[PDB]
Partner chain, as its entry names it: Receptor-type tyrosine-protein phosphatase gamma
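A single chain comes next, written as structure tokens; it is the form deposited without the partner chain.
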């Protein structure tokens, strides 16, 4: 009996469909701690007004609207012995608007030429998925036709007499699962002559720097226009073998690296080749990791006039940075409070010091919170 608040469950980032929403957060402690919420930093008045339902800490919003709920939430729990704030949870809303036109100018191409048909997704939020339709049926993907999942563009390495007709981009919001269709774009062949042969020209490629988060699947795209139609090949610019766990898809337009690790980082190249020559694209897969607790602060009891020492340690990439909190408020160094980075030092203690403390570790990729109680003995 007699304990400050500790989190049993904290709020998580959310991408919510606009077609309910629960922000989980539960606390234990004695006395039973009261829970409050903060949007962008301002206390949310739950009893008034909405249909907010704070069920056991967890905030419910029973009918959402983007324009007024488009920020980051924080759950704060308080009892007699002090206050702890939870990690920040970003609340975003997903949607995909319709195209605002039903037809499109025809494009006229020389047979043998490479070409790009641009999707041009409508305003949206959340991750998108893409496919194309050709003359009423799904457009076939291969060596010569590549659809980018980053942009939705359709690439034809080499236009052939079989390619004449209508092309439609079908955009899909992967989180809401709604789809919208673009305007058909008519493709016709020039009758003025044909395009001869030329060396590959890479038109879709991974960026010059591609941040790769630890433990995720990194996907690289590479595809070239050319005549004859190029072959694609992947290799590392420092001669290191690509991992055996790496797979290739879509006639080698895509290199997947599952469960990314430090050893997989480095300069990657894709090579486009045909009989007329070769083209090389390169980029740097740069490894990064959100903070993770190595050493956390823990509850501490001390006698009235004695000293205390706390240290926080977090791994991550870049290396994490440290700030401190007392009872939910920014705590900076004074007397007898000496705080340097991940260290807190109280030279002599008084009843005033007893309370909840928090070490926060952050890098440009993430923040993490830890909390402990400091009780002082009569």
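Numbering follows the first chain given and starts at 1. Whichever C-alpha set is largest while still superposing within 1.5 Å between the two forms counts as the rigid core.
This protein has a second form, the form deposited with the partner chain bound, left out of what is shown; the following refers to that one.
Taking 176, 251, 151, 113 one by one, only a single residue has any non-hydrogen atom within 4.5 Å of the partner chain in the entry with it bound, and it is 113. Only one of 222, 225, 84, 96 comes within 4.5 Å of the partner chain in the entry with it bound through a heavy atom, and that residue is 225. Checking 116-124, 262-270, 303-311, 283-291 against the partner chain in the entry with it bound, the stretch whose residues place heavy atoms within 4.5 Å of it is 116-124. Within 4.5 Å of any heavy atom of the partner chain in the entry with it bound lies no heavy atom of residue 217. Residue contact check for residue 90: none of its heavy atoms lie within 4.5 Å of the partner chain in the entry with it bound.
Of the heavy atoms in residue 196, some are within 4.5 Å of the partner chain in the entry with it bound. Remark: residue 203 counts among the residues lining the partner chain in the entry with it bound, judged by a heavy atom distance of 4.5 Å or less. Summarising the superposition on the core between this form and the one not shown, the listed residues 76, 202, 147, 128 contain exactly one with a Cα shift of 2 Å or larger, 76.
With the core superposed, residue 222 shows a C-alpha displacement below 2 Å between this form and the one not shown. Residue 367 is not among the residues whose C-alpha shifts by 2 Å or more between this form and the one not shown once the rigid core is aligned; its shift stays under 2 Å. Taking 2 Å as the criterion, residue 95 does not count as shifted between this form and the one not shown: its C-alpha moves by less than this amount when the rigid core is aligned.
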